[PDB]
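Enquirer: Here it is, the structure in full.
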Amino acid sequence: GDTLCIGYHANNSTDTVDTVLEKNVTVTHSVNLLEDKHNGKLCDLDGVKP
Amino acid sequence: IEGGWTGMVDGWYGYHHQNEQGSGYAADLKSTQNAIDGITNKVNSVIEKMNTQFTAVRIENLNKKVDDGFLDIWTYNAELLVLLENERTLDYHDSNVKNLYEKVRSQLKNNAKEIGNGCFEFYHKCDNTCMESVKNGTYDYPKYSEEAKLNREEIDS
Amino acid sequence: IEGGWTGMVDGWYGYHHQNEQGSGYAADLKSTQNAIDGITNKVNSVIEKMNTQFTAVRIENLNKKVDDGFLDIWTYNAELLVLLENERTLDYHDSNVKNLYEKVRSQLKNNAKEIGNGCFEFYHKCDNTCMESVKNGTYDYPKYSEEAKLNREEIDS
Amino acid sequence: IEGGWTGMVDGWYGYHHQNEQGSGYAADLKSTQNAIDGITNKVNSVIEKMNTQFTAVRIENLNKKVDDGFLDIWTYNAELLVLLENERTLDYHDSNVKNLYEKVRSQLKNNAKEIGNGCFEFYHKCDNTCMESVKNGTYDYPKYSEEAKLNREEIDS
Amino acid sequence: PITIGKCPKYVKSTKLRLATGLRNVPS
């Protein structure tokens, strides 16, 4: 007999996000809020010379 | 339902049909669109951490200890907000799948049998027209009502 | 069980019977009474936030920044307590329904069949005397034991 | 599964078999060993509360109010960490039982029928050799494949 | 923690990801 099923998306993503009940769980899509990569190592101008 | 489909490339929530015509993964644009809208708005509200707190003007040591301790307190609190709403969005996703499943149960009624998790075996035969009727929200119980009953009498005996 | 009864006007937790005599929503005063007692006591313990913290006697700016920051910290913490114990009372309610369901399963044993969610189809016939026996906690398995078995032999064949 | 076995004296997670040979509670050392290892490491990470914060050197009243308020804030935060990871270890335990159950389902396939919660009724007959095969992870579907099908034809008719 | 102009609020943590999708659990 013909069947129809319901399900959700699943993709090859190693993104890990921390819930309350569980830490480090693979999530399809996440969004980061922290920025450490731009340490700079140089003191440029801030809107004008320093 | 504890199965994630890698075949769904269209949407976060969808359907997998196996009829005479073929077998296909097909998303539900409406549900996933509303999910993305709601989580966008959630993320914006999360970003509303008010960390602008600053004062333009043994004391220096006290201001030092204070600023530092408040920093650690608020970092802990922010990671708390993150944990909380991570679970909250994941639970939201769960509820969306549940609602899709109820949308399908409502229309099918006894013309179908819940095989398991989120699957339905029609007692009647569905084209992709009769499949996209269910997805479109336009499946009619009477069209096949007796047609299913008959086959129920093959499971009865 | 994922159905809230608007007909229960008597109690938070109850029963819906359909026998020959009639069909009725009937609460269980004991369970809902203990629930209200426990949540009253919970609320009282919640109100035990110790926010009396106060001192009768660049410094003024430091006392200013301190009092303000501690205020925000404790408001966040209080909303946390509220969130936590909101879930805790809701989970308590869930567990109460579960315990009522186990109280009914225990007495009925195989004289009944769990239709779904929280429903029981007796294999025997129940008056409102035999219904309020189950509710009263006085239903006896032997009274109908064979009476059910016979009808089981109608589901067997 | 909502039943704790007092008979399991060997391990946190295990098996209860009833075959012709006998009936026994038997733990799974691997699962409980990994559970104890992971929770040991969790406890160590928990103990990593950095409460060393200290300064070797109306002000005294301000240092007084500050130290005291930070103390209460951090005690609340520590009890929070405790609550969180208490639930997290309990959920971890749940997931371990789930994984054991999936390990058994995988090998048994249709040679067995899930009676309920975590029970399997073999359609074939299992020695403690054929039981400790499943536990050892060495049960072969073909060995009994048709042997089960035959008995399925006794549930079919 | 010392910034000038339009700078992201300073935080003392290592990771801060918000889940925006499903629990990835393939097959």
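Residue names in the structure tokens use chain letters A, B, ... in the order shown, residue numbers from 1 in each chain, and ligand numbers from 1 in the order shown.
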With the cut-off set at 7 Å and counting only C-alpha atoms, tabulate each residue of chain B with an atom at most that distance from an atom of chain E, showing the nearest atom pair and its distance in Å to one decimal, ordered by chain and increasing number, as a Markdown table.
Expert:
```
| residue | atom | partner | partner_atom | distance |
| --- | --- | --- | --- | --- |
| B:3 | CA | E:27 | CA | 6.3 |
| B:4 | CA | E:26 | CA | 5.0 |
| B:5 | CA | E:26 | CA | 6.4 |
| B:6 | CA | E:26 | CA | 6.6 |
| B:39 | CA | E:20 | CA | 6.4 |
| B:51 | CA | E:9 | CA | 6.2 |
| B:72 | CA | E:12 | CA | 6.8 |
| B:75 | CA | E:11 | CA | 6.1 |
| B:79 | CA | E:16 | CA | 6.8 |
| B:82 | CA | E:18 | CA | 6.3 |
| B:86 | CA | E:19 | CA | 5.3 |
| B:89 | CA | E:19 | CA | 6.8 |
| B:90 | CA | E:22 | CA | 6.4 |
| B:93 | CA | E:22 | CA | 6.5 |
```
Enquirer: Those same residues, written as a PDB file, in the first residue's frame with N, CA, C and O atoms?
Expert:
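Saved as result_2.pdb:
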```pdb
ATOM      1  N   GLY B   3      14.504  10.252  13.209  1.00  0.00           N
ATOM      2  CA  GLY B   3      15.275  10.076  11.998  1.00  0.00           C
ATOM      3  C   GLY B   3      15.405  11.367  11.220  1.00  0.00           C
ATOM      4  O   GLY B   3      14.400  11.979  10.841  1.00  0.00           O
ATOM      5  N   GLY B   4      16.641  11.804  10.992  1.00  0.00           N
ATOM      6  CA  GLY B   4      16.892  12.974  10.178  1.00  0.00           C
ATOM      7  C   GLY B   4      17.164  12.557   8.750  1.00  0.00           C
ATOM      8  O   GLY B   4      17.979  11.665   8.496  1.00  0.00           O
ATOM      9  N   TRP B   5      16.475  13.204   7.815  1.00  0.00           N
ATOM     10  CA  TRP B   5      16.611  12.884   6.403  1.00  0.00           C
ATOM     11  C   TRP B   5      17.686  13.763   5.780  1.00  0.00           C
ATOM     12  O   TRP B   5      17.586  14.995   5.803  1.00  0.00           O
ATOM     13  N   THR B   6      18.719  13.125   5.231  1.00  0.00           N
ATOM     14  CA  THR B   6      19.705  13.862   4.455  1.00  0.00           C
ATOM     15  C   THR B   6      19.177  14.206   3.071  1.00  0.00           C
ATOM     16  O   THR B   6      19.632  15.181   2.464  1.00  0.00           O
ATOM     17  N   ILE B  39      13.133  32.067  14.136  1.00  0.00           N
ATOM     18  CA  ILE B  39      14.468  31.959  14.719  1.00  0.00           C
ATOM     19  C   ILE B  39      15.314  33.189  14.391  1.00  0.00           C
ATOM     20  O   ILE B  39      16.142  33.608  15.209  1.00  0.00           O
ATOM     21  N   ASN B  51      25.124  45.035  27.187  1.00  0.00           N
ATOM     22  CA  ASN B  51      26.477  44.970  27.804  1.00  0.00           C
ATOM     23  C   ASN B  51      27.158  46.330  27.615  1.00  0.00           C
ATOM     24  O   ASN B  51      28.392  46.399  27.783  1.00  0.00           O
ATOM     25  N   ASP B  72      32.788  38.612  34.895  1.00  0.00           N
ATOM     26  CA  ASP B  72      32.612  37.159  34.975  1.00  0.00           C
ATOM     27  C   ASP B  72      31.153  36.781  35.214  1.00  0.00           C
ATOM     28  O   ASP B  72      30.637  35.838  34.594  1.00  0.00           O
ATOM     29  N   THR B  75      29.312  37.186  31.894  1.00  0.00           N
ATOM     30  CA  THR B  75      29.657  36.135  30.937  1.00  0.00           C
ATOM     31  C   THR B  75      28.963  34.827  31.284  1.00  0.00           C
ATOM     32  O   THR B  75      28.455  34.129  30.393  1.00  0.00           O
ATOM     33  N   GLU B  79      26.246  33.028  28.746  1.00  0.00           N
ATOM     34  CA  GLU B  79      26.281  31.617  28.379  1.00  0.00           C
ATOM     35  C   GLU B  79      25.016  30.901  28.842  1.00  0.00           C
ATOM     36  O   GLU B  79      24.543  29.983  28.164  1.00  0.00           O
ATOM     37  N   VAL B  82      22.366  31.662  26.322  1.00  0.00           N
ATOM     38  CA  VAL B  82      22.657  30.877  25.128  1.00  0.00           C
ATOM     39  C   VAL B  82      22.179  29.444  25.303  1.00  0.00           C
ATOM     40  O   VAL B  82      21.512  28.890  24.427  1.00  0.00           O
ATOM     41  N   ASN B  86      19.157  27.911  23.140  1.00  0.00           N
ATOM     42  CA  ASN B  86      19.506  26.781  22.290  1.00  0.00           C
ATOM     43  C   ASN B  86      18.502  25.656  22.477  1.00  0.00           C
ATOM     44  O   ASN B  86      17.913  25.155  21.506  1.00  0.00           O
ATOM     45  N   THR B  89      15.056  26.844  20.908  1.00  0.00           N
ATOM     46  CA  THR B  89      14.925  26.677  19.464  1.00  0.00           C
ATOM     47  C   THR B  89      14.853  25.205  19.074  1.00  0.00           C
ATOM     48  O   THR B  89      14.094  24.839  18.170  1.00  0.00           O
ATOM     49  N   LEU B  90      15.616  24.335  19.741  1.00  0.00           N
ATOM     50  CA  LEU B  90      15.529  22.917  19.389  1.00  0.00           C
ATOM     51  C   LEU B  90      14.139  22.360  19.701  1.00  0.00           C
ATOM     52  O   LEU B  90      13.564  21.592  18.909  1.00  0.00           O
ATOM     53  N   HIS B  93      11.730  23.443  17.107  1.00  0.00           N
ATOM     54  CA  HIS B  93      11.817  22.577  15.933  1.00  0.00           C
ATOM     55  C   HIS B  93      10.996  21.308  16.129  1.00  0.00           C
ATOM     56  O   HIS B  93      10.232  20.891  15.241  1.00  0.00           O
TER      57      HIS B  93
END
```
Enquirer: Chain B: which residues are strand (DSSP E) by DSSP, as a PDB file with C-alpha atoms, in the first residue's frame?
Expert:
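The resulting file, selection21.pdb, is shown below:
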```
ATOM      1  CA  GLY B   4      16.892  12.974  10.178  1.00  0.00           C
ATOM      2  CA  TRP B   5      16.611  12.884   6.403  1.00  0.00           C
ATOM      3  CA  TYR B  13      10.457  19.817   7.558  1.00  0.00           C
ATOM      4  CA  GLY B  14       8.982  17.621   4.879  1.00  0.00           C
ATOM      5  CA  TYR B  15       7.460  14.468   3.514  1.00  0.00           C
ATOM      6  CA  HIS B  16       8.618  11.194   1.967  1.00  0.00           C
ATOM      7  CA  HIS B  17       6.115   9.550  -0.361  1.00  0.00           C
ATOM      8  CA  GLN B  18       6.115   6.070  -1.943  1.00  0.00           C
ATOM      9  CA  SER B  23       9.158   7.872  -4.263  1.00  0.00           C
ATOM     10  CA  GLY B  24      10.294  11.317  -3.208  1.00  0.00           C
ATOM     11  CA  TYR B  25      11.561  13.653  -0.522  1.00  0.00           C
ATOM     12  CA  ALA B  26       9.526  16.874  -0.674  1.00  0.00           C
ATOM     13  CA  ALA B  27       9.758  19.792   1.720  1.00  0.00           C
ATOM     14  CA  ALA B 112      -4.635   5.804   6.492  1.00  0.00           C
ATOM     15  CA  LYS B 113      -2.835   3.846   9.234  1.00  0.00           C
ATOM     16  CA  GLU B 114       0.065   5.353  11.265  1.00  0.00           C
ATOM     17  CA  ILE B 115       2.836   2.787  10.478  1.00  0.00           C
ATOM     18  CA  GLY B 116       5.240   4.288  13.066  1.00  0.00           C
ATOM     19  CA  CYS B 119       4.599   7.395   8.601  1.00  0.00           C
ATOM     20  CA  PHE B 120       1.096   6.859   7.128  1.00  0.00           C
ATOM     21  CA  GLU B 121       0.039   3.896   4.983  1.00  0.00           C
ATOM     22  CA  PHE B 122      -2.956   4.949   2.920  1.00  0.00           C
TER      23      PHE B 122
END
```
Enquirer: Go through D:71, D:81, D:134, D:62 one by one, measure the shortest atom-to-atom distance of each to chain C using only C-alpha atoms, and give the residue with the smallest value.
Expert: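 Under the stated criterion, the closest residue is D:62.
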Enquirer: Find the nearest atom pair between each residue of chain B and chain D for residues within 12 Å, count only C-alpha atoms, give distances in Å to one decimal, sort rows by chain and ascending number, and present the table as a Markdown table.
Expert:
```
| residue | atom | partner | partner_atom | distance |
| --- | --- | --- | --- | --- |
| B:2 | CA | D:98 | CA | 12.0 |
| B:58 | CA | D:59 | CA | 7.9 |
| B:59 | CA | D:59 | CA | 7.9 |
| B:60 | CA | D:59 | CA | 11.5 |
| B:61 | CA | D:57 | CA | 8.9 |
| B:62 | CA | D:63 | CA | 7.4 |
| B:63 | CA | D:63 | CA | 10.6 |
| B:64 | CA | D:55 | CA | 10.8 |
| B:65 | CA | D:55 | CA | 8.4 |
| B:66 | CA | D:66 | CA | 7.8 |
| B:67 | CA | D:66 | CA | 11.4 |
| B:68 | CA | D:53 | CA | 10.4 |
| B:69 | CA | D:70 | CA | 7.7 |
| B:70 | CA | D:70 | CA | 8.8 |
| B:71 | CA | D:70 | CA | 11.9 |
| B:72 | CA | D:74 | CA | 10.1 |
| B:73 | CA | D:73 | CA | 8.1 |
| B:74 | CA | D:73 | CA | 11.1 |
| B:75 | CA | D:77 | CA | 11.8 |
| B:76 | CA | D:77 | CA | 8.3 |
| B:77 | CA | D:77 | CA | 9.0 |
| B:79 | CA | D:81 | CA | 11.8 |
| B:80 | CA | D:80 | CA | 9.8 |
| B:83 | CA | D:84 | CA | 10.4 |
| B:84 | CA | D:84 | CA | 10.9 |
| B:155 | CA | D:156 | CA | 11.1 |
| B:157 | CA | D:157 | CA | 10.0 |
```
Enquirer: At what distance in Å, to one decimal, does CA of residue 28 in chain A lie from CA of residue 14 in chain A?
Expert: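 We find that CA of residue 14 in chain A and CA of residue 28 in chain A lie 8.0 Å from each other.
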Enquirer: Within 7 Å of chain A, which residues of chain D are there when counting only C-alpha atoms? Please give them as a PyMOL selection string.
Expert: chain D and resi 84+87-88+91
Enquirer: Within 10 Å of chain E, which residues of chain A are there when counting only C-alpha atoms? Please give them as a compact mmCIF listing (two decimals) with N, CA and C atoms, in the first residue's frame.
Expert:
```txt
# COMPACT_ATOMS: atom_id res chain seq x y z
N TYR A 8 12.38 15.30 9.24
CA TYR A 8 13.10 16.56 9.33
C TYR A 8 14.45 16.46 8.65
N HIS A 9 15.03 17.63 8.39
CA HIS A 9 16.28 17.76 7.67
C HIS A 9 17.46 17.22 8.48
N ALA A 10 18.51 16.79 7.76
CA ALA A 10 19.75 16.33 8.42
C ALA A 10 20.90 16.54 7.44
N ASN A 11 21.94 17.28 7.83
CA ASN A 11 23.04 17.60 6.89
C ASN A 11 24.40 17.32 7.52
N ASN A 12 25.43 17.15 6.69
CA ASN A 12 26.79 16.86 7.21
C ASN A 12 27.37 18.14 7.81
N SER A 13 26.98 18.47 9.04
CA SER A 13 27.51 19.68 9.71
C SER A 13 28.09 19.30 11.08
N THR A 14 29.35 19.64 11.31
CA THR A 14 29.96 19.38 12.61
C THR A 14 29.73 20.50 13.61
N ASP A 15 28.80 21.41 13.33
CA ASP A 15 28.47 22.47 14.28
C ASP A 15 27.99 21.85 15.59
N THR A 16 28.51 22.35 16.71
CA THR A 16 28.13 21.87 18.04
C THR A 16 27.66 23.04 18.89
N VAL A 17 26.48 22.90 19.48
CA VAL A 17 25.85 23.95 20.27
C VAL A 17 25.38 23.33 21.58
N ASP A 18 25.41 24.12 22.65
CA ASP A 18 25.21 23.61 24.00
C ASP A 18 23.80 23.92 24.50
N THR A 19 23.01 22.87 24.73
CA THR A 19 21.71 23.01 25.35
C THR A 19 21.85 23.01 26.87
N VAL A 25 26.07 19.17 21.10
CA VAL A 25 25.14 18.35 20.26
C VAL A 25 25.22 18.85 18.82
N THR A 26 25.34 17.93 17.85
CA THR A 26 25.47 18.32 16.42
C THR A 26 24.19 19.01 15.95
N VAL A 27 24.30 20.25 15.47
CA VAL A 27 23.14 20.97 14.96
C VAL A 27 23.36 21.27 13.48
N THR A 28 22.28 21.20 12.70
CA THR A 28 22.35 21.43 11.26
C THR A 28 22.97 22.79 10.93
N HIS A 29 22.40 23.86 11.48
CA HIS A 29 22.82 25.22 11.19
C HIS A 29 22.90 26.01 12.49
N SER A 30 24.03 26.69 12.70
CA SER A 30 24.24 27.52 13.88
C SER A 30 24.68 28.91 13.44
N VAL A 31 24.72 29.82 14.40
CA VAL A 31 25.18 31.19 14.16
C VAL A 31 26.10 31.58 15.31
N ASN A 32 27.32 31.99 14.99
CA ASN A 32 28.29 32.38 16.00
C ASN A 32 28.13 33.85 16.36
N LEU A 33 28.43 34.17 17.62
CA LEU A 33 28.35 35.53 18.12
C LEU A 33 29.67 36.08 18.63
N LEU A 34 30.69 35.24 18.73
CA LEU A 34 32.00 35.68 19.29
C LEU A 34 33.01 35.92 18.17
N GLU A 35 33.89 36.90 18.34
CA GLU A 35 34.92 37.21 17.31
C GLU A 35 36.29 37.35 17.97
N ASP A 36 37.13 36.33 17.84
CA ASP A 36 38.50 36.39 18.40
C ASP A 36 39.46 36.49 17.22
N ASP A 46 41.29 54.99 13.92
CA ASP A 46 39.89 54.71 14.29
C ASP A 46 39.04 55.90 13.85
N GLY A 47 38.66 55.94 12.57
CA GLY A 47 37.85 57.05 12.04
C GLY A 47 38.73 58.27 11.79
```
Enquirer: From a backbone DSSP assignment, name each residue in range 2-146 of chain C labelled alpha helix (DSSP H), as a PyMOL selection string.
Expert: chain C and resi 29-47+59-108+128-136+145-146
Enquirer: So how far away is CA of residue 124 in chain D from CA of residue 144 in chain D, in Å?
Expert: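 Atom-to-atom, CA of residue 144 in chain D and CA of residue 124 in chain D are spaced 6.4 Å apart.
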Enquirer: Which one of D:36, D:78, D:97, D:108 sits closest to residue 49 in chain D if you count only C-alpha atoms?
Expert: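 Once distances to residue 49 in chain D are computed over only C-alpha atoms, the minimum belongs to D:78.
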Enquirer: Which one is closest to residue 12 in chain D: D:96, D:52, D:117, D:40? Count only C-alpha atoms.
Expert: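 Using only C-alpha atoms, the shortest distance to residue 12 in chain D belongs to D:96.
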Enquirer: Grab the CA of residue 20 in chain C to CA of residue 127 in chain C distance for me, in Å with one decimal place.
Expert: 7.3 Å
